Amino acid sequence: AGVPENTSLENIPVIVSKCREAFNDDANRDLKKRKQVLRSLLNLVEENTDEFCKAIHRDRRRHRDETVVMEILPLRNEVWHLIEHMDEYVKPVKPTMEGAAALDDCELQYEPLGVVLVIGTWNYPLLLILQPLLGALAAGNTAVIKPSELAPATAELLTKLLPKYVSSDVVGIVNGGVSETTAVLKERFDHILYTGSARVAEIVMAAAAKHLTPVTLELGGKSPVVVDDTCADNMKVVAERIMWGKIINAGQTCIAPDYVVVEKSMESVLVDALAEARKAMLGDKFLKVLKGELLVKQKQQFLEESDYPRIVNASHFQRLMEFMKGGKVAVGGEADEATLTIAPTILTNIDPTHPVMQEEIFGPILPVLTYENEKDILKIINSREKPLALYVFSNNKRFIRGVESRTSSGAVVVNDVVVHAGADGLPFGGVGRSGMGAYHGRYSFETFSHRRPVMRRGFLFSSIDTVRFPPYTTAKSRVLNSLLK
(Lines of atoms letter the chains of each structure in order from A and count residues from 1; the text may use other names and numbers.)
(Lines give C-alpha, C1' and ligand atoms only; values in the text may rest on other atoms or scores of the structure.)
Protein backbone atom coordinates (compact mmCIF):
# COMPACT_ATOMS: atom_id res chain seq x y z
CA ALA A 1 0.00 0.00 0.00
CA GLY A 2 2.70 2.51 1.06
CA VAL A 3 0.15 4.51 3.12
CA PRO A 4 -1.24 4.19 6.67
CA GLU A 5 -4.98 3.67 7.21
CA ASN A 6 -6.64 6.92 8.38
CA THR A 7 -7.74 6.86 12.02
CA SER A 8 -11.55 7.11 12.16
CA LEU A 9 -12.78 10.31 13.83
CA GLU A 10 -14.73 8.25 16.41
CA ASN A 11 -11.52 6.40 17.46
CA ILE A 12 -9.53 9.63 18.07
CA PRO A 13 -11.19 10.33 21.49
CA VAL A 14 -10.69 6.65 22.46
CA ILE A 15 -6.96 6.74 21.62
CA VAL A 16 -6.41 9.94 23.65
CA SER A 17 -8.58 8.65 26.54
CA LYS A 18 -6.56 5.40 26.77
CA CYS A 19 -3.31 7.42 26.96
CA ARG A 20 -4.89 9.70 29.62
CA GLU A 21 -6.01 6.71 31.71
CA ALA A 22 -2.54 5.13 31.30
CA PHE A 23 -0.87 8.30 32.60
CA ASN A 24 -3.32 8.41 35.54
CA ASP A 25 -2.55 4.71 36.22
CA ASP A 26 1.24 5.47 36.48
CA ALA A 27 2.02 3.60 33.22
CA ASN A 28 5.19 5.73 32.73
CA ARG A 29 5.81 7.09 36.25
CA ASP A 30 8.60 4.89 37.63
CA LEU A 31 12.08 5.49 36.14
CA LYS A 32 12.41 1.73 35.48
CA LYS A 33 9.37 1.91 33.17
CA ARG A 34 10.69 5.06 31.42
CA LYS A 35 14.09 3.45 30.75
CA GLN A 36 12.34 0.27 29.47
CA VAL A 37 10.31 2.36 26.97
CA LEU A 38 13.38 4.35 25.84
CA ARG A 39 15.41 1.13 25.40
CA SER A 40 12.46 -0.37 23.39
CA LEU A 41 12.37 2.73 21.14
CA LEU A 42 16.14 2.36 20.62
CA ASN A 43 15.39 -1.23 19.54
CA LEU A 44 12.63 0.12 17.23
CA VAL A 45 15.19 2.31 15.44
CA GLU A 46 18.17 -0.10 15.48
CA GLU A 47 16.33 -3.33 14.55
CA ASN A 48 14.50 -1.61 11.66
CA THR A 49 17.17 0.85 10.37
CA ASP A 50 17.30 -0.76 6.90
CA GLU A 51 13.52 -0.67 6.35
CA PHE A 52 13.20 2.91 7.73
CA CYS A 53 15.90 4.11 5.29
CA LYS A 54 13.96 2.40 2.47
CA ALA A 55 10.65 3.98 3.55
CA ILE A 56 12.31 7.40 3.89
CA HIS A 57 13.88 6.81 0.45
CA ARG A 58 10.41 6.07 -0.99
CA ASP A 59 9.01 9.29 0.53
CA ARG A 60 11.95 11.70 0.03
CA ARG A 61 14.30 9.98 -2.49
CA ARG A 62 16.91 10.59 0.23
CA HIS A 63 19.97 8.29 0.13
CA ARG A 64 20.36 5.75 2.98
CA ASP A 65 23.64 7.31 4.16
CA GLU A 66 22.04 10.79 4.28
CA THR A 67 19.18 9.35 6.37
CA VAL A 68 21.69 7.60 8.67
CA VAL A 69 23.59 10.87 9.27
CA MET A 70 20.49 13.11 9.59
CA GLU A 71 17.94 10.85 11.36
CA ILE A 72 19.14 7.42 12.57
CA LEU A 73 22.36 8.43 14.37
CA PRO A 74 20.84 11.54 16.06
CA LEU A 75 17.92 9.40 17.31
CA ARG A 76 20.33 6.78 18.72
CA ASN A 77 22.35 9.50 20.48
CA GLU A 78 19.14 11.07 21.86
CA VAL A 79 17.98 7.78 23.43
CA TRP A 80 21.41 7.13 24.96
CA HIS A 81 21.55 10.70 26.32
CA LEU A 82 18.09 10.43 27.91
CA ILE A 83 18.73 6.98 29.49
CA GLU A 84 22.23 7.96 30.75
CA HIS A 85 21.13 11.28 32.31
CA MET A 86 17.57 10.47 33.54
CA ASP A 87 18.54 9.97 37.19
CA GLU A 88 20.32 13.36 37.15
CA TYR A 89 17.37 15.15 35.49
CA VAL A 90 14.64 13.80 37.82
CA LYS A 91 16.38 14.90 41.07
CA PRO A 92 15.19 18.03 42.91
CA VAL A 93 17.33 21.16 42.49
CA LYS A 94 18.23 23.27 45.54
CA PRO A 95 17.71 26.88 44.40
CA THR A 96 19.71 29.89 45.60
CA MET A 97 17.50 31.55 48.23
CA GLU A 98 17.86 35.09 49.65
CA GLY A 99 16.09 36.96 52.48
CA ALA A 100 13.53 35.31 54.80
CA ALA A 101 13.00 32.30 52.48
CA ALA A 102 16.69 31.30 52.90
CA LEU A 103 15.84 30.03 56.43
CA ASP A 104 13.29 27.54 55.01
CA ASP A 105 13.86 24.24 53.17
CA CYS A 106 13.22 24.97 49.46
CA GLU A 107 13.39 22.73 46.36
CA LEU A 108 12.55 22.78 42.65
CA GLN A 109 10.98 19.40 41.82
CA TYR A 110 10.23 18.16 38.30
CA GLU A 111 6.94 16.39 37.64
CA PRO A 112 5.29 14.95 34.51
CA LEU A 113 2.61 16.99 32.69
CA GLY A 114 0.26 14.20 31.50
CA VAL A 115 -0.41 13.42 27.84
CA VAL A 116 1.77 15.08 25.18
CA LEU A 117 0.70 15.47 21.54
CA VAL A 118 3.49 15.35 18.94
CA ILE A 119 2.60 16.47 15.40
CA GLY A 120 5.29 15.38 12.95
CA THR A 121 6.42 16.84 9.66
CA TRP A 122 7.37 15.25 6.32
CA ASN A 123 10.93 16.46 5.59
CA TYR A 124 12.69 14.34 8.27
CA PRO A 125 9.72 12.12 9.11
CA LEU A 126 11.39 9.75 11.62
CA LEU A 127 13.61 12.25 13.48
CA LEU A 128 10.95 14.93 13.91
CA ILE A 129 8.31 12.52 15.27
CA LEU A 130 10.55 10.28 17.47
CA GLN A 131 12.99 12.90 18.88
CA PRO A 132 10.19 14.88 20.63
CA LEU A 133 8.48 11.62 21.70
CA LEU A 134 11.66 10.31 23.39
CA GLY A 135 11.84 13.51 25.44
CA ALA A 136 8.16 13.39 26.42
CA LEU A 137 8.48 9.77 27.60
CA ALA A 138 11.74 10.52 29.48
CA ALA A 139 9.75 13.10 31.51
CA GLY A 140 7.14 10.48 32.56
CA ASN A 141 4.33 11.51 30.21
CA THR A 142 2.29 9.37 27.88
CA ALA A 143 1.89 10.62 24.33
CA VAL A 144 -0.07 10.69 21.11
CA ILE A 145 1.84 11.04 17.83
CA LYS A 146 0.47 12.35 14.53
CA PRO A 147 2.72 11.37 11.59
CA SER A 148 2.75 13.62 8.51
CA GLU A 149 0.59 12.40 5.60
CA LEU A 150 3.23 13.80 3.18
CA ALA A 151 5.64 11.00 4.25
CA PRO A 152 3.19 8.08 3.96
CA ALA A 153 5.67 5.17 3.59
CA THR A 154 7.42 6.24 6.81
CA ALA A 155 4.05 6.77 8.55
CA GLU A 156 2.89 3.27 7.50
CA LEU A 157 6.10 1.57 8.68
CA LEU A 158 6.22 3.44 12.01
CA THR A 159 2.52 2.71 12.64
CA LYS A 160 3.12 -1.01 11.92
CA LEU A 161 6.30 -1.28 14.04
CA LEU A 162 5.62 0.95 17.07
CA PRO A 163 3.07 -1.34 18.85
CA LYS A 164 5.70 -4.15 18.83
CA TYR A 165 8.01 -1.94 20.98
CA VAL A 166 5.73 0.39 22.99
CA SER A 167 2.18 -0.03 24.27
CA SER A 168 -0.63 1.91 22.56
CA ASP A 169 -1.60 3.02 26.10
CA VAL A 170 1.77 4.81 26.44
CA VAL A 171 2.11 5.98 22.79
CA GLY A 172 -1.11 6.38 20.78
CA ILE A 173 -1.04 7.02 17.02
CA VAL A 174 -3.41 9.17 14.93
CA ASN A 175 -2.96 8.92 11.15
CA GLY A 176 -4.43 11.21 8.48
CA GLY A 177 -4.53 14.72 7.05
CA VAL A 178 -6.33 17.94 7.97
CA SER A 179 -9.56 16.25 9.11
CA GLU A 180 -7.79 13.92 11.55
CA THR A 181 -5.31 16.59 12.75
CA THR A 182 -8.20 19.01 13.39
CA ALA A 183 -9.99 16.22 15.32
CA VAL A 184 -7.02 15.24 17.55
CA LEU A 185 -6.44 18.96 18.31
CA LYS A 186 -9.94 19.12 19.89
CA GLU A 187 -8.80 16.56 22.52
CA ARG A 188 -7.19 17.76 25.75
CA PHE A 189 -3.41 17.45 26.07
CA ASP A 190 -1.03 18.81 28.70
CA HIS A 191 1.55 19.85 26.09
CA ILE A 192 1.66 20.01 22.27
CA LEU A 193 4.85 19.95 20.18
CA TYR A 194 4.36 20.95 16.54
CA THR A 195 6.99 21.07 13.79
CA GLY A 196 6.06 22.65 10.45
CA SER A 197 4.81 25.97 9.06
CA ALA A 198 3.95 29.24 10.81
CA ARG A 199 0.53 29.17 9.06
CA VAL A 200 -0.49 25.84 10.65
CA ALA A 201 1.26 26.75 13.95
CA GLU A 202 -1.35 29.52 14.39
CA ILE A 203 -4.11 26.88 14.02
CA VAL A 204 -2.36 24.56 16.52
CA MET A 205 -1.95 27.38 19.06
CA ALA A 206 -5.63 28.38 18.62
CA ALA A 207 -6.64 24.79 19.41
CA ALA A 208 -4.26 24.72 22.39
CA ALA A 209 -5.84 27.97 23.66
CA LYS A 210 -9.18 26.17 24.14
CA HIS A 211 -7.59 23.86 26.81
CA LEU A 212 -4.86 26.30 28.02
CA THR A 213 -2.26 23.82 26.73
CA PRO A 214 1.40 24.93 26.50
CA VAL A 215 2.96 24.60 23.04
CA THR A 216 6.42 24.12 21.59
CA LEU A 217 6.42 25.30 17.97
CA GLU A 218 9.39 24.43 15.72
CA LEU A 219 8.98 26.47 12.55
CA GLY A 220 11.18 28.00 9.83
CA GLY A 221 12.13 31.28 8.20
CA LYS A 222 14.99 32.44 6.01
CA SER A 223 18.23 31.42 7.73
CA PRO A 224 20.91 33.80 6.39
CA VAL A 225 24.56 32.98 5.73
CA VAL A 226 26.86 35.96 6.28
CA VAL A 227 30.31 35.65 4.64
CA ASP A 228 32.82 38.44 5.33
CA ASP A 229 36.20 39.34 3.70
CA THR A 230 38.47 37.35 6.11
CA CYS A 231 37.78 33.87 4.59
CA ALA A 232 39.59 34.07 1.18
CA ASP A 233 42.01 31.28 2.21
CA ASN A 234 39.12 29.14 3.59
CA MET A 235 36.73 29.69 0.64
CA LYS A 236 36.66 26.02 -0.46
CA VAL A 237 35.60 24.87 3.04
CA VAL A 238 33.15 27.81 3.31
CA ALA A 239 31.50 26.76 0.03
CA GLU A 240 31.52 23.04 0.85
CA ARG A 241 29.72 23.60 4.17
CA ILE A 242 27.12 25.99 2.67
CA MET A 243 26.51 23.74 -0.36
CA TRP A 244 26.20 20.61 1.81
CA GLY A 245 23.56 22.33 3.98
CA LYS A 246 21.62 23.20 0.82
CA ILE A 247 22.00 19.81 -0.94
CA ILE A 248 20.66 17.70 1.97
CA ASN A 249 16.96 16.91 1.39
CA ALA A 250 17.09 19.16 -1.74
CA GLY A 251 17.06 22.29 0.47
CA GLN A 252 13.92 21.24 2.38
CA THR A 253 15.26 21.81 5.90
CA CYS A 254 14.07 24.41 8.44
CA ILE A 255 17.74 25.34 9.15
CA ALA A 256 18.99 25.12 5.53
CA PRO A 257 21.02 28.09 4.28
CA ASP A 258 18.20 30.11 2.73
CA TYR A 259 20.27 32.97 1.27
CA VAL A 260 23.80 34.40 1.43
CA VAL A 261 24.96 37.94 2.27
CA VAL A 262 28.59 38.11 1.08
CA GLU A 263 31.10 40.98 1.36
CA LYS A 264 31.14 42.81 -2.02
CA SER A 265 34.75 41.90 -2.94
CA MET A 266 34.24 38.16 -2.20
CA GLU A 267 31.14 37.56 -4.40
CA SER A 268 32.97 36.05 -7.40
CA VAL A 269 35.27 33.72 -5.43
CA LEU A 270 32.34 32.47 -3.30
CA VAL A 271 30.06 31.81 -6.29
CA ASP A 272 32.87 29.97 -8.13
CA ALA A 273 33.66 27.94 -4.98
CA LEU A 274 29.96 27.04 -4.52
CA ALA A 275 29.85 25.89 -8.17
CA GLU A 276 32.88 23.63 -7.61
CA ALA A 277 31.40 22.22 -4.37
CA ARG A 278 28.11 21.47 -6.18
CA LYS A 279 29.88 19.53 -8.98
CA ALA A 280 31.92 17.57 -6.43
CA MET A 281 28.90 16.57 -4.29
CA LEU A 282 26.39 15.72 -7.06
CA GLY A 283 28.88 14.24 -9.54
CA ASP A 284 29.44 14.90 -13.24
CA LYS A 285 27.16 12.14 -14.58
CA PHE A 286 24.08 13.25 -12.59
CA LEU A 287 24.45 16.88 -13.73
CA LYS A 288 25.19 15.93 -17.37
CA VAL A 289 22.06 13.73 -17.55
CA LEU A 290 19.91 16.43 -15.86
CA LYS A 291 21.35 19.07 -18.24
CA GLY A 292 20.64 16.82 -21.27
CA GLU A 293 24.34 16.60 -22.24
CA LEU A 294 24.56 12.82 -21.64
CA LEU A 295 21.79 10.57 -22.98
CA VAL A 296 20.48 7.54 -21.08
CA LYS A 297 17.78 5.09 -22.20
CA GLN A 298 15.40 6.00 -19.33
CA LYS A 299 16.08 9.57 -18.11
CA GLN A 300 13.16 9.70 -15.64
CA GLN A 301 14.13 6.25 -14.28
CA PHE A 302 17.78 7.42 -13.97
CA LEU A 303 16.75 10.49 -11.92
CA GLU A 304 14.42 8.41 -9.69
CA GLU A 305 17.38 6.05 -9.04
CA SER A 306 19.71 9.00 -8.21
CA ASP A 307 21.24 10.03 -4.87
CA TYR A 308 19.56 13.48 -4.99
CA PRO A 309 16.28 14.09 -3.07
CA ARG A 310 12.94 15.02 -4.60
CA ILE A 311 10.82 18.15 -4.11
CA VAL A 312 7.77 17.24 -1.97
CA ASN A 313 5.14 17.82 -4.71
CA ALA A 314 4.36 19.53 -8.05
CA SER A 315 3.05 22.70 -6.34
CA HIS A 316 6.31 23.23 -4.42
CA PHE A 317 8.29 22.40 -7.61
CA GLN A 318 6.52 25.13 -9.64
CA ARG A 319 6.96 27.67 -6.80
CA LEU A 320 10.73 27.01 -6.71
CA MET A 321 11.03 27.22 -10.52
CA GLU A 322 9.26 30.63 -10.44
CA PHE A 323 11.78 31.82 -7.78
CA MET A 324 14.55 31.56 -10.43
CA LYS A 325 12.94 34.61 -12.15
CA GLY A 326 13.90 36.85 -9.18
CA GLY A 327 17.58 36.96 -10.21
CA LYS A 328 20.30 35.86 -12.62
CA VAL A 329 20.91 32.09 -12.65
CA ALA A 330 24.67 32.24 -11.98
CA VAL A 331 25.03 28.50 -11.26
CA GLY A 332 22.70 25.59 -12.06
CA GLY A 333 18.97 25.97 -12.78
CA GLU A 334 18.65 22.41 -14.10
CA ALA A 335 15.32 20.69 -13.42
CA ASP A 336 13.01 17.82 -14.33
CA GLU A 337 9.29 18.22 -13.51
CA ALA A 338 8.23 14.56 -13.88
CA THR A 339 10.72 13.41 -11.20
CA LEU A 340 10.42 16.67 -9.15
CA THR A 341 14.18 17.27 -9.44
CA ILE A 342 15.68 20.76 -9.06
CA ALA A 343 19.49 20.98 -8.85
CA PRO A 344 21.05 23.50 -6.42
CA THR A 345 20.79 26.91 -8.08
CA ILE A 346 22.70 30.08 -7.16
CA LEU A 347 20.94 33.37 -7.96
CA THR A 348 22.78 36.71 -8.21
CA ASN A 349 21.59 40.27 -8.97
CA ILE A 350 18.50 39.71 -6.82
CA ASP A 351 15.49 41.98 -6.52
CA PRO A 352 15.07 41.98 -2.68
CA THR A 353 11.30 42.64 -3.04
CA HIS A 354 10.82 39.49 -5.20
CA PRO A 355 9.06 36.53 -3.45
CA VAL A 356 12.39 34.55 -3.42
CA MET A 357 13.76 37.07 -0.87
CA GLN A 358 10.44 37.51 1.00
CA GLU A 359 9.42 33.87 1.66
CA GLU A 360 11.22 30.86 3.15
CA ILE A 361 12.62 29.12 0.07
CA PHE A 362 12.68 25.57 1.51
CA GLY A 363 14.33 24.29 -1.66
CA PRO A 364 17.45 24.26 -3.86
CA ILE A 365 17.46 28.04 -4.68
CA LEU A 366 20.26 30.08 -3.04
CA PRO A 367 20.07 33.87 -3.50
CA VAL A 368 23.40 35.69 -3.12
CA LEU A 369 23.24 39.31 -1.92
CA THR A 370 26.19 41.64 -1.26
CA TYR A 371 27.07 44.02 1.56
CA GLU A 372 29.67 46.79 2.06
CA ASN A 373 29.20 47.59 5.79
CA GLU A 374 27.46 46.11 8.87
CA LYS A 375 24.43 48.42 8.37
CA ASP A 376 23.74 46.73 4.99
CA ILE A 377 23.73 43.26 6.63
CA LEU A 378 21.45 44.37 9.47
CA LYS A 379 18.98 46.03 7.06
CA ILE A 380 18.61 42.73 5.15
CA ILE A 381 18.37 40.45 8.22
CA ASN A 382 16.48 42.66 10.74
CA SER A 383 13.76 43.65 8.20
CA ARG A 384 12.78 39.94 7.95
CA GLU A 385 11.28 37.49 10.45
CA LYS A 386 13.53 35.96 13.12
CA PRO A 387 14.93 32.80 11.50
CA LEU A 388 15.58 29.44 13.15
CA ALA A 389 19.31 29.67 12.35
CA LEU A 390 21.84 32.37 11.48
CA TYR A 391 25.23 31.50 10.00
CA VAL A 392 28.39 33.65 9.97
CA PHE A 393 31.59 32.74 8.13
CA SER A 394 34.46 34.88 9.46
CA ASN A 395 37.92 34.78 11.10
CA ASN A 396 37.33 38.22 12.72
CA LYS A 397 36.13 38.20 16.36
CA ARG A 398 34.83 41.80 16.32
CA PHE A 399 32.79 41.18 13.13
CA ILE A 400 31.24 37.98 14.55
CA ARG A 401 30.43 39.70 17.88
CA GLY A 402 28.79 42.61 16.02
CA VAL A 403 26.53 40.37 13.92
CA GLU A 404 25.56 38.20 16.95
CA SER A 405 24.75 41.16 19.20
CA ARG A 406 22.66 43.01 16.55
CA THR A 407 20.54 40.08 15.22
CA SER A 408 18.00 37.63 16.65
CA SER A 409 17.65 33.99 15.58
CA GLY A 410 16.90 30.55 17.03
CA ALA A 411 20.65 29.84 16.97
CA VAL A 412 23.99 31.08 15.63
CA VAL A 413 26.69 28.87 14.12
CA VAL A 414 30.07 30.42 13.22
CA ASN A 415 31.89 28.87 10.22
CA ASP A 416 29.35 26.08 9.56
CA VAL A 417 25.66 25.36 8.85
CA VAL A 418 23.03 22.86 10.14
CA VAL A 419 25.39 20.82 12.41
CA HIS A 420 24.27 22.56 15.64
CA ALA A 421 20.97 20.59 15.45
CA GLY A 422 22.87 17.38 16.33
CA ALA A 423 24.94 19.05 19.08
CA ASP A 424 24.40 17.32 22.43
CA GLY A 425 24.12 20.14 24.99
CA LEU A 426 22.35 22.90 23.02
CA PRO A 427 18.60 23.60 23.24
CA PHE A 428 17.00 23.49 19.78
CA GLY A 429 14.24 25.99 19.05
CA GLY A 430 13.12 29.20 17.39
CA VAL A 431 12.04 32.69 18.36
CA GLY A 432 9.24 34.87 16.95
CA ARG A 433 7.94 33.32 13.71
CA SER A 434 10.64 30.56 13.77
CA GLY A 435 8.80 29.30 16.87
CA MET A 436 8.62 29.18 20.66
CA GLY A 437 10.13 26.75 23.16
CA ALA A 438 13.05 24.38 22.72
CA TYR A 439 13.94 20.70 23.17
CA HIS A 440 16.72 18.03 22.77
CA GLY A 441 18.23 16.16 25.74
CA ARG A 442 17.92 18.02 29.07
CA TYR A 443 15.80 20.68 27.34
CA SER A 444 13.28 18.05 26.19
CA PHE A 445 13.07 16.82 29.78
CA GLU A 446 12.50 20.39 31.01
CA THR A 447 9.99 21.23 28.23
CA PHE A 448 7.87 18.11 28.97
CA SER A 449 7.98 18.56 32.78
CA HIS A 450 6.53 21.03 35.24
CA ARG A 451 9.20 22.65 37.42
CA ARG A 452 7.37 22.76 40.76
CA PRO A 453 8.73 24.88 43.64
CA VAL A 454 8.40 23.40 47.14
CA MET A 455 8.86 25.40 50.37
CA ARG A 456 8.93 23.50 53.69
CA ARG A 457 8.54 25.45 56.94
CA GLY A 458 8.50 24.63 60.65
CA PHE A 459 6.16 25.86 63.40
CA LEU A 460 8.71 28.24 65.02
CA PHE A 461 8.55 32.05 64.90
CA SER A 462 10.23 33.92 62.02
CA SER A 463 10.60 37.48 60.64
CA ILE A 464 7.35 37.39 58.60
CA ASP A 465 5.34 36.77 61.82
CA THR A 466 6.39 40.18 63.26
CA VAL A 467 4.20 42.02 60.68
CA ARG A 468 1.82 39.74 58.70
CA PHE A 469 -0.93 39.01 61.27
CA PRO A 470 -3.82 41.37 62.08
CA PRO A 471 -5.06 43.17 64.08
CA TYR A 472 -3.42 46.23 62.53
CA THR A 473 -2.10 48.00 65.63
CA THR A 474 -0.22 51.29 66.05
CA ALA A 475 2.82 49.16 67.07
CA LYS A 476 2.73 47.24 63.75
CA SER A 477 2.41 50.51 61.78
CA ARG A 478 5.54 51.85 63.53
CA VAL A 479 7.45 48.62 62.70
CA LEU A 480 6.45 48.74 59.00
CA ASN A 481 7.03 52.53 58.75
CA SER A 482 10.62 51.95 60.00
CA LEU A 483 11.26 49.74 56.93
CA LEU A 484 9.82 52.36 54.51
CA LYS A 485 11.42 55.54 53.14
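So that there is no doubt, residue numbering starts at 1 and follows the sequence shown.
When 284-292 is weighed against 151-159, 284-292 comes out higher, by mean CA B-factor as recorded in the entry. Taking the mean C-alpha B-factor of each stretch as recorded, 76-84 and 193-201 are not equal, and the higher mean is that of 76-84. Considering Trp244, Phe362, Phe323, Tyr259 together, the PDB entry gives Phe323 the largest C-alpha B factor. The PDB entry assigns its highest CA temperature factor, among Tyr308, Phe302, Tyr165, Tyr391, to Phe302. For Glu240, the recorded CA B-factor ranks within the middle third of the chain. Only modelled residues enter the ranking. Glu187: CA B factor in the lowest third of modelled residues in this chain (values from the PDB entry).
Ranked by C-alpha B-factor against the other modelled residues of its chain, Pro367 falls in the middle third. Per the PDB record, residue ranking by Cα B-factor puts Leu9 in the middle third of the chain. Per-chain ranking of the deposited C-alpha B factor places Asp336 in the highest third.
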